[PDB]
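Contents: one structure, followed by commentary.
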Amino acid sequence: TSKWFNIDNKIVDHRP
Amino acid sequence: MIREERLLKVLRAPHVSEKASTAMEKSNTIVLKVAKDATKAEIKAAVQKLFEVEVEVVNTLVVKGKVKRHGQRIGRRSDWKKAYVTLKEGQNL
Amino acid sequence: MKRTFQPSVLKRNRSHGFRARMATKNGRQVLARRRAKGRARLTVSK
Amino acid sequence: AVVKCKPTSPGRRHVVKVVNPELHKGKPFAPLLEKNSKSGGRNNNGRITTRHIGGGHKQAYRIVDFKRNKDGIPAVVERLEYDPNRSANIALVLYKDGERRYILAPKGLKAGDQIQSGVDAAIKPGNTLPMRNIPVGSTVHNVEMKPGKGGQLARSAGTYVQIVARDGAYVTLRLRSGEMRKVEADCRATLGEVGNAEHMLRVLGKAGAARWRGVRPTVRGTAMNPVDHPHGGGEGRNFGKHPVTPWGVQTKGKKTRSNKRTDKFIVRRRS
RNA sequence: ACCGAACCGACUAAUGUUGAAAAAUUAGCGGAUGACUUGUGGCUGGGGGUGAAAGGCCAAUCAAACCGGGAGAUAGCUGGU
RNA sequence: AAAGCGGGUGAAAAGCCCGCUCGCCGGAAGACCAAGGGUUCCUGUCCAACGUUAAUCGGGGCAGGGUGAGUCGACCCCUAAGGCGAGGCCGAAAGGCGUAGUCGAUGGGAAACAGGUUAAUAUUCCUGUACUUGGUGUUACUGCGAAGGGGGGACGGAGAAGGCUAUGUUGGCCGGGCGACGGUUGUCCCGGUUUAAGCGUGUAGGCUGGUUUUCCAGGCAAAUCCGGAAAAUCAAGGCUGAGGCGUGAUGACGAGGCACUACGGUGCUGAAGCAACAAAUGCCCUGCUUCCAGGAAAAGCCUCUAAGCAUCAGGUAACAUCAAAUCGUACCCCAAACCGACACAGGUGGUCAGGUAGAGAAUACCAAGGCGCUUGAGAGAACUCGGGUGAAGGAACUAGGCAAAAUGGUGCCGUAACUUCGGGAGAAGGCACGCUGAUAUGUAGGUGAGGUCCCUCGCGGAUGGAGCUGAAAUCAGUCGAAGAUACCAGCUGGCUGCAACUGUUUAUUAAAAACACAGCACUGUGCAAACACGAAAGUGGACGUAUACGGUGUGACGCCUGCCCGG
Ligand SMILES: N[C@@H](Cc1c[nH]c2ccccc12)C(=O)O
Ligand SMILES: [Mg+2]
Ligand SMILES: [Mg+2]
Ligand SMILES: [Mg+2]
Ligand SMILES: [Mg+2]
Ligand SMILES: [Mg+2]
Ligand SMILES: [Mg+2]
Ligand SMILES: [Mg+2]
Ligand SMILES: [Mg+2]
Ligand SMILES: [Mg+2]
Ligand SMILES: [Mg+2]
Ligand SMILES: [Mg+2]
Ligand SMILES: [Mg+2]
Ligand SMILES: [Mg+2]
Ligand SMILES: [Mg+2]
Ligand SMILES: [Mg+2]
Ligand SMILES: [Mg+2]
Ligand SMILES: [Mg+2]
Ligand SMILES: [Mg+2]
Ligand SMILES: [Mg+2]
Ligand SMILES: [Mg+2]
Ligand SMILES: [Mg+2]
Ligand SMILES: [Mg+2]
Ligand SMILES: [Mg+2]
Ligand SMILES: [Mg+2]
Ligand SMILES: [Mg+2]
Ligand SMILES: [Mg+2]
Ligand SMILES: [Mg+2]
Ligand SMILES: [Mg+2]
Ligand SMILES: [Mg+2]
Ligand SMILES: [Mg+2]
Ligand SMILES: [Mg+2]
Ligand SMILES: [Mg+2]
Ligand SMILES: [Mg+2]
Ligand SMILES: [Mg+2]
Ligand SMILES: [Mg+2]
Ligand SMILES: [Mg+2]
Ligand SMILES: [Mg+2]
Ligand SMILES: [Mg+2]
Ligand SMILES: [Mg+2]
Ligand SMILES: [Mg+2]
Ligand SMILES: [Mg+2]
Ligand SMILES: [Mg+2]
Ligand SMILES: [Mg+2]
Ligand SMILES: [Mg+2]
Ligand SMILES: [Mg+2]
Ligand SMILES: [Mg+2]
Ligand SMILES: [Mg+2]
Ligand SMILES: [Mg+2]
Ligand SMILES: [Mg+2]
Ligand SMILES: [Mg+2]
Ligand SMILES: [Mg+2]
Ligand SMILES: [Mg+2]
Ligand SMILES: [Mg+2]
Ligand SMILES: [Mg+2]
Ligand SMILES: [Mg+2]
Ligand SMILES: [Mg+2]
Ligand SMILES: [Mg+2]
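Residue numbers (the deposited numbering), protein chains in the order written: chain 7, 9 to 24; chain s, 1 to 93; chain 1, 1 to 46; chain c, 2 to 272.
See below:
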């Protein structure tokens with residue numbers, strides 16, 4: 009499936 | 001009354017094993033492989049009238065099939081019934 | 001963790017068994033579809 | 002009696018309970034009990050049709066004689082009993098011929114009393130007469146709507162129906178809603194207010210007491226989401242809507258009675 | 001009601017994060033006769049259910065499940081030719 | 001949770017087998033099941049593949065064996081929730097509901113225990129001793145009969161105590177020992193001291209007044225049954241019931257001793273086999289007391305009659321005989337066999353419940369019993385993880401005392417503001433605590449033999465204290481740095497926001513001030529109720545009736561809730 013650090017929100021939305 | 005057709009069909013085979021031999025030499029019991037749709041009364045009548053002996057009681061159990069492998073092709077050895085027939089101390093087949 | 005399959009033969013047979021398939025009208029359609037495909041096993045009974 | 006509990010715990014601080022020493026303490030009458038299963042507010046389709054019903058204590062139904070049809074035979078009121086299916090107390094009453102029945106207990110009736118039904122019965126509480134025989138101005142309860150149907154009006158605890166007029170074949174009853182209704186003069190009615198008036202003075206004291214009576218919690222539409230209730234939504238606490246039921250009909254003032262079949266019988270609304 | 005095991009839960013910290021585990025371990029933590037918890041069985045079905053209400057849950061999937069079908073939807077867009 | 005060594009087998013041994021140690025669990029990591037799985041069970045043989053290494057081993061391959069029932073469970077009779085549903089009501093069709101019925105356990109219904117045996121089954125086989133239901137046939141008496149009436153089955157939460165038992169400890173008795181190193185013929189050490197269902201008696205306890213007449217608008221008709229009414233008469237009659245005792249049992253079992261062994265285990269014999277005390281969460285007890293939230297149904301069972309049969313059938317009691325079929329029974333079951341893709345630190349319902357200390361099912365160490373977690377051997381860098389201790393200082397760290405450290409038990413003294421008079425409160429704070437002797441060769445208390453007396457006469461009562469068990473306290477002495485010595489086991493106080501409180505919530509980053517709440521107000525609703533599900537029939541609301549039900553908002557309690565109808 010998918011990696012947890014890609015599902016996470018604090019590190020994915022790192023540069024809004 | 002149970003017909004001779006039915007009796008001659010229900011008795012299938014004797015059974016040979018260490019436990020069957022011990023039962024014969026200890027409790028005057030014979031072990032018979034029996035067709036599956038035979039009841040205790042049918043086995044008792046068949047033994048009593050075909051082996052010319054006399055039966056105290058009969059005990060039945062169904063032996064389950066075995067899952068086997070023949071060249072990576074799965075198969076299933078079939079069921080049969082086993083009968084422990086007890087005789088009245090003076091028959092000695 | 002408790003997973004989604006907690007098996008029970010009675011509930012299995014009342015839900016997906018052959019007599020429930022024949023009881024509902026669309027279950028008979030399910031059996032028709034599986035027979036037309038040619039399944040070895042139609043329902044969960046065998 | 003109305004007895005306040007001492008505040009030895011936060012749940013028991015506000016509790017007011019009604020204790021009645023005259024009630025029977027043993028088991029009720031096995032010939033007259035029945036089972037009823039709880040529904041949870043679910044109909045034969047299985048859907049919740051009435052919200053906030055479910056759980057509570059298990060109960061047994063008591064067959065209560067609302068018809069009061071055994072006329073001409075005097076009856077001895079034996080004992081008062083707790084019925085869990087209604088607010089009022091029931092009374093196990095022994096007729097003179099050996100058959101026992103459950104009736105509603107009117108106010109003032111006690112153990113070992115005399116009651117009697119029929120057209121020739123005396124005018125005293127507990128006695129059942131047709132309202133053509135019942136004098137005007139007198140308070141009755143357990144009032145019928147159709148002759149022989151059974152009692153349907155003034156059946157909860159402490160309620161009564163006042164006969165104000167008799168015009169030909171119909172009598173006018175003032176009902177506890179304040180409502181004037183014409184009913185047939187042949188309909189039966191039992192004299193006297195229903196007992197257990199102190200039932201209205203109870204305080205449950207806790208959510209546990211409500212759940213014992215069998216009512217699930219009520220969620221406000223203003224706390225729901227917009228997809229759930231017409232009131233739901235808002236950042237913070239926002240309402241901005243006219244108050245409606247969850248299916249969209251206005252719920253503060255909008256009248257919902259529409260029965261042109263019984264508009265002929267209704268004389269005055271409850272105002 | 002109170003303290004505290006079973007049992008139910010999940011407040012804090014560290015570890016783990018291609019893990020022993022697609023949500024746990026360790027040390028502490030809350031309830032623990034009640035609006036409690038649990039076994040077997042039944043019922044409610046997708047614009048529907050159920051919801052002490054978080055758009056939560058409905059088989060590791062939910063601002064509308066899964067499966068097959070209209071279906072080779074459409075794509076003024078990207079890639080390839 | 002942890003291994004070491006000796007021997008055996010083998011081509012080869014850290015892992016397999018045997019032995020001696022060492023360690024871990026022991027309300028489980030032990031034993032038995034239900035659910036689920038399906039041969040994983042036992043024996044012989046093999047090491048390609050599977051096993052996170054090797055392999056002689058295995059839950060792997062191959063072959064053979066193994067599951068024995070009138071009494072256990074299913075099947076079967078009976079119903080719950082609910083399902084299906086002849087006719088029927090309804091709906092474009094399909095189909096929706098539903099009466100009579102008929103299914104549906106998670107519940108109600110008859111009966112077996114102890115010992116022994118197999119490599120693998122046993123409440124199933126064998127030995128011993130029992131019990132249940134039904135059919136047939138003799139004997140004796142006789143009003144039998146339901147799809148109907150009645151009783152019963154038949155029922156909640158909490159609490160308290162009495163009587164007991166399982167069970168344990170000690171004593172007695174029986175068998176054995178006189179100790180690798182000071183002492184050990186003694187108040188010394190080790191072990192054993194088990195016995196069931198059934199049958200007989202009916203005790204502690206619990207419930208209820210019996211017995212005989214006459215009458216009756218009730219129990220869909222009848223009733224000798226149930227209910228009701230009026231008399232007479234008697235006072236102990238009935239029902240239920242743990243345990244104990246006798247029998248079952250001159251039997252079985254029994255530490256050990258004796259002899260073979262294919263050293264794995266077999267064959268023979270066998271003493272004592274009692275008492276006191278402590279004691280359950282188990283039994284009497286589906287009891288008793290109390291509370292409000294007022295606590296399944298039907299059949300089996302007992303009983304009464306209708307139609308009918310009427311010296312027949314049928315019923316009751318004894319005896320004899322026959323029958324009780326069919327299916328499951330191996331093995332795992334807190335797990336390497338079930339659900340998690342794995343021989344996966346997860347999950348999974350019930351039953352049993354030993355010793356010491358302890359309030360205890362916590363916890364520490366142990367017993368029965370089971371394991372050492374399928375890679376090891378070295379070395380003793382940085383660094384990471386889990387811990388231990390630390391001079392002086394003591395929050396100076398940091399967003400923040402996060403984390404860690406500390407407090408921690410029983411008895412007594414004592415304890416503030418505030419308060420809804422309950423609380424706050426274990427407020428805060430302090431003192432004692434080990435061991436030996438004496439009071440007292442072991443006390444107060446508990447249990448209670450022998451003996452004696454009495455009797456409506458035995459499982460009886462009064463006296464009486466043998467014996468057993470046994471706190472707590474005071475005084476004196478003594479040891480240590482320290483006596484709740486380990487494990488286990490509150491940090492406390494002050495000001496304040498919010499929500500009254502217990503609870504519920506985003507399974508899987510949010511447990512909150514959100515949701516709920518008891519209480520309050522408005523409003524709808526007269527019953528064929530409003531309202532909801534449904535093209536409809538129906539159903540919930542409710543077998544409820546305005547002191548009730550639905551909707552909406554606020555949220556205990558105290559003081560309050562002011563003006564505006566223009567939109
Ligand atoms: N990383 C954590 C938490 C986690 C699981 N799934 C996630 C998905 C998204 C973010 C975090 C997670 C874990 O592996 O258990
Ligand atoms: Mg036999
Ligand atoms: Mg069998
Ligand atoms: Mg409501
Ligand atoms: Mg409310
Ligand atoms: Mg919201
Ligand atoms: Mg809307
Ligand atoms: Mg705002
Ligand atoms: Mg505004
Ligand atoms: Mg509590
Ligand atoms: Mg939760
Ligand atoms: Mg959290
Ligand atoms: Mg934890
Ligand atoms: Mg608490
Ligand atoms: Mg607690
Ligand atoms: Mg939102
Ligand atoms: Mg999911
Ligand atoms: Mg959509
Ligand atoms: Mg198209
Ligand atoms: Mg496409
Ligand atoms: Mg070796
Ligand atoms: Mg090893
Ligand atoms: Mg070994
Ligand atoms: Mg240990
Ligand atoms: Mg196999
Ligand atoms: Mg094996
Ligand atoms: Mg090799
Ligand atoms: Mg290998
Ligand atoms: Mg094998
Ligand atoms: Mg039914
Ligand atoms: Mg039909
Ligand atoms: Mg139907
Ligand atoms: Mg049936
Ligand atoms: Mg059952
Ligand atoms: Mg075995
Ligand atoms: Mg004893
Ligand atoms: Mg208990
Ligand atoms: Mg077994
Ligand atoms: Mg392993
Ligand atoms: Mg595991
Ligand atoms: Mg558990
Ligand atoms: Mg423990
Ligand atoms: Mg190191
Ligand atoms: Mg460190
Ligand atoms: Mg430290
Ligand atoms: Mg320091
Ligand atoms: Mg220091
Ligand atoms: Mg300091
Ligand atoms: Mg700084
Ligand atoms: Mg600072
Ligand atoms: Mg901390
Ligand atoms: Mg610590
Ligand atoms: Mg002392
Ligand atoms: Mg502030
Ligand atoms: Mg709160
Ligand atoms: Mg969460
Ligand atoms: Mg609010
Ligand atoms: Mg105002």
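For each residue, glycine too, the CB sits at the ideal point set by N, CA and C.
Check your understanding: From this set, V85 (chain s), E42 (chain s), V62 (chain s), which residue's C-alpha is nearest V53 (chain s)'s C-alpha?
Key -> For this step, residue 53 (chain s) is matched to residue 53 along the second sequence. Comparing Cα-Cα distances from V53 (chain s) to each of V85 (chain s), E42 (chain s), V62 (chain s), the minimum goes to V85 (chain s).
Check your understanding: Between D21 (chain 7) and ligand 1, is the CB less than 7 Å from at least one heavy atom?
Key -> As a working mapping, residue 21 (chain 7) is identified with position 13 in the first sequence. No, since every heavy atom of ligand 1 falls outside the 7 Å radius drawn around the Cβ of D21 (chain 7).
**Study point:** Between the CA atoms of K265 (chain c) and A89 (chain c) - distance to the nearest angstrom
**Key:** On the fourth sequence, position 88 is the one that residue 89 (chain c) refers to. On the fourth sequence, position 264 is the one that residue 265 (chain c) refers to. Looking at the two C-alpha atoms, the distance is approximately 32 Å.
**Study point:** Proximity of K81 (chain s) and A38 (chain s) at Cβ, strictly below 8 Å
**Key:** The residue given as residue 81 (chain s) occupies position 81 in the second sequence. The residue given as residue 38 (chain s) occupies position 38 in the second sequence. Between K81 (chain s) and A38 (chain s), the CB-CB gap stays under 8 Å.
Check your understanding: So the beta strand (DSSP E) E236 (chain c) belongs to, where does it begin and stop?
Key -> Your numbering for residue 236 (chain c) matches position 235 in the fourth sequence. Following the DSSP letters along the chain, one finds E236 (chain c) in no beta strand (DSSP E), marked with neither H nor E.
Practice item. Could you name the residues of the same chain whose beta carbon sits closer than 7 Å to that of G234 (chain c), not counting the 5 residues immediately before and after it, in chain order? Key: Taking the fourth sequence and counting its residues from 1, the one referred to as residue 234 (chain c) is at position 233. Excluding sequence neighbours, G234 (chain c) sits near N226, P227.
Point to revise | Bounding residues of the beta strand (DSSP E) (the contiguous stretch that carries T140 (chain c)) | key: Reading the fourth sequence from its first residue, position 139 is the one you call residue 140 (chain c). Per DSSP, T140 (chain c) belongs to the beta strand (DSSP E) from 140–142.
Point to revise | Paired residues, beta bridge with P14 (chain s) - DSSP | key: Locating residue 14 (chain s) in the second sequence gives position 14, counting from the first residue. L32 (chain s), per the DSSP bridge assignment.
Practice item. Let me know if residue 1 (chain c) comes out buried or exposed under the rule of 16 or more other beta-carbons within 10 Å of its beta-carbon. Key: No answer is possible for residue 1 (chain c): the residues shown for chain c start at 2 and end at 272.
Exercise for review: State the start and end residues of the unbroken beta strand (DSSP E) segment that holds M181 (chain c).
Suggested key: For this step, residue 181 (chain c) is matched to residue 180 along the fourth sequence. 180–185 is the extent of the beta strand (DSSP E) around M181 (chain c).
Point to revise | Counted within 10 angstroms of its Cβ, other Cβ atoms place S10 (chain c) as buried (16 or more) or exposed | key: For this step, residue 10 (chain c) is matched to residue 9 along the fourth sequence. The residue in question, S10 (chain c), is exposed, as its Cβ has fewer than 16 Cβ neighbours within 10 Å.
Point to revise | heavy atom of ligand 8 below 7 Å from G237 (chain c) C-beta | key: For the purposes of this step, residue 237 (chain c) is taken as residue 236 along the fourth sequence, with counting starting at 1. A distance criterion of 7 Å places the beta-carbon of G237 (chain c) in contact range of ligand 8, judged by its closest non-hydrogen atom.
Point to revise | N- and C-terminal bounds of the alpha helix (DSSP H) containing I64 (chain c) | key: Residue 64 (chain c) sits at position 63 when you count from the first residue of the fourth sequence. In the DSSP annotation of this structure, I64 (chain c) is not part of any alpha helix (DSSP H), being labelled neither H nor E.
Point to revise | Extent of the continuous alpha helix (DSSP H) run through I15 (chain 7) | key: Counting from one through the first sequence, the residue named residue 15 (chain 7) turns up at place 7. Unbroken alpha helix (DSSP H) run through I15 (chain 7): 12–15.
**Study point:** Short Cβ contact (8 Å threshold) for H25 (chain c) with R217 (chain c)
**Key:** Sequence index remark: in the fourth sequence, residue 25 (chain c) carries index 24 (1-based). Sequence index remark: in the fourth sequence, residue 217 (chain c) carries index 216 (1-based). The Cβ-Cβ distance between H25 (chain c) and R217 (chain c) does not fall below 8 Å.
Exercise for review: Could you tell me which of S21 (chain s), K40 (chain s), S17 (chain s), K64 (chain s) sits nearest to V55 (chain s), measuring between CA atoms?
Suggested key: Here residue 55 (chain s) refers to the residue found at position 55 of the second sequence. Of the listed residues, the one whose Cα sits closest to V55 (chain s) is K40 (chain s).
Review point. Nearest-angstrom Cα distance between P107 (chain c) and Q163 (chain c)?
Key: For the purposes of this step, residue 107 (chain c) is identified with residue 106 of the fourth sequence, where counting begins at 1. For the purposes of this step, residue 163 (chain c) is identified with residue 162 of the fourth sequence, where counting begins at 1. Computed Cα separation, rounded: 15 Å.
**Study point:** Limits of the unbroken beta strand (DSSP E) element including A76 (chain c)
**Key:** Numbered from its first residue, the fourth sequence carries residue 76 (chain c) at position 75. Its beta strand (DSSP E) spans residues 76–82.
Review point. In this structure, does DSSP put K26 (chain s) in helix, strand or coil?
Key: Position 26 of the second sequence holds residue 26 (chain s). The DSSP-derived three-state label of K26 (chain s) is helix.
Exercise for review: Between the Cα of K88 (chain s) and those of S17 (chain s), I30 (chain s), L11 (chain s), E5 (chain s), spot the shortest distance and give me the residue it belongs to.
Suggested key: Along the second sequence, read from residue 1 onward, the residue named residue 88 (chain s) stands at position 88. Minimum Cα distance to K88 (chain s) is reached at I30 (chain s).
**Study point:** Euclidean distance between Cα positions of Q153 (chain c) and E194 (chain c)
**Key:** Counting from one through the fourth sequence, the residue named residue 153 (chain c) turns up at place 152. Counting from one through the fourth sequence, the residue named residue 194 (chain c) turns up at place 193. Rounded to the nearest whole angstrom, the C-alpha separation of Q153 (chain c) and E194 (chain c) is 14 Å.
Check your understanding: Apart from the five residues just before and just after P231 (chain c), which ones in its own chain have a Cβ nearer than 8 Å to its Cβ?
Key -> Here residue 231 (chain c) refers to the residue found at position 230 of the fourth sequence. Excluding residues within five positions, the ones whose Cβ falls inside 8 Å are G222, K242, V245, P247, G249.
Point to revise | Minimum C-alpha distance to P32 (chain c) - residue among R238 (chain c), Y161 (chain c), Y62 (chain c) | key: Translated into positions along the fourth sequence, residue 32 (chain c) becomes position 31. Out of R238 (chain c), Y161 (chain c), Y62 (chain c), the CA that lies nearest to the CA of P32 (chain c) is found in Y62 (chain c).
Exercise for review: Could you work out which residue in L50 (chain s), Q48 (chain s), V63 (chain s) is closest to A35 (chain s) when comparing CA atoms only?
Suggested key: For the purposes of this step, residue 35 (chain s) is identified with residue 35 of the second sequence, where counting begins at 1. Checked all of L50 (chain s), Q48 (chain s), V63 (chain s); the closest Cα to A35 (chain s) is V63 (chain s).
Exercise for review: Over the uninterrupted alpha helix (DSSP H) stretch that includes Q91 (chain s), give me the two end residues.
Suggested key: Here the question's residue 91 (chain s) lines up with position 91 in the second sequence. Per DSSP, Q91 (chain s) belongs to no alpha helix (DSSP H) and is neither H nor E.
Practice item. Go to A190 (chain c), then tell me how far its beta strand (DSSP E) extends in each direction, as first and last residue. Key: Here residue 190 (chain c) refers to the residue found at position 189 when the fourth sequence is read from its first residue. Run containing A190 (chain c): 189–192, per the beta strand (DSSP E) assignment.
Practice item. Report back the beta-carbon spacing between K97 (chain c) and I74 (chain c) to the nearest angstrom; my notes put them in contact at under 8 Å. Key: Here residue 97 (chain c) is taken as the residue at index 96 of the fourth sequence, counted from 1. Here residue 74 (chain c) is taken as the residue at index 73 of the fourth sequence, counted from 1. Approximately 5 Å separates the beta-carbon atoms of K97 (chain c) and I74 (chain c); this is inside 8 Å, confirming the contact.
**Study point:** the region 167–176 of chain c touching the region 119–126 of chain c, judged by at least three CB pairs closer than 8 Å
**Key:** Counting C-beta pairs with one atom in each stretch, the region 167–176 of chain c and the region 119–126 of chain c have fewer than three that are closer than 8 Å, which means they do not touch.
Practice item. Would you list the residues sitting across from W80 (chain s) in a DSSP beta bridge? Key: Working through the second sequence from its first residue, we reach residue 80 (chain s) at position 80. Answer by DSSP bridge pairing, in chain order: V63 (chain s).
Review point. Under the rule that 16 or more other beta-carbon atoms within 10 Å means buried, what is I19 (chain 7), buried or exposed?
Key: Residue numbering aside, residue 19 (chain 7) sits at position 11 when the first sequence is read from its first letter. Looking at its Cβ environment, which holds fewer than 16 other Cβ atoms inside 10 Å, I19 (chain 7) is exposed.
Practice item. Report yes or no: do three or more beta-carbon pairs, one from the region 2–11 of chain 1 and one from the region 27–35 of chain 1, lie closer than 8 Å? Key: Fewer than three Cβ pairs drawn from the region 2–11 of chain 1 and the region 27–35 of chain 1 lie within less than 8 Å of each other, which leaves the two stretches out of contact.
**Study point:** Cβ-based burial, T43 (chain 1) [other Cβ within 10 Å; buried from 16]
**Key:** Along the third sequence, one-based indexing puts residue 43 (chain 1) at 43. Per the 10 Å Cβ criterion, buried.
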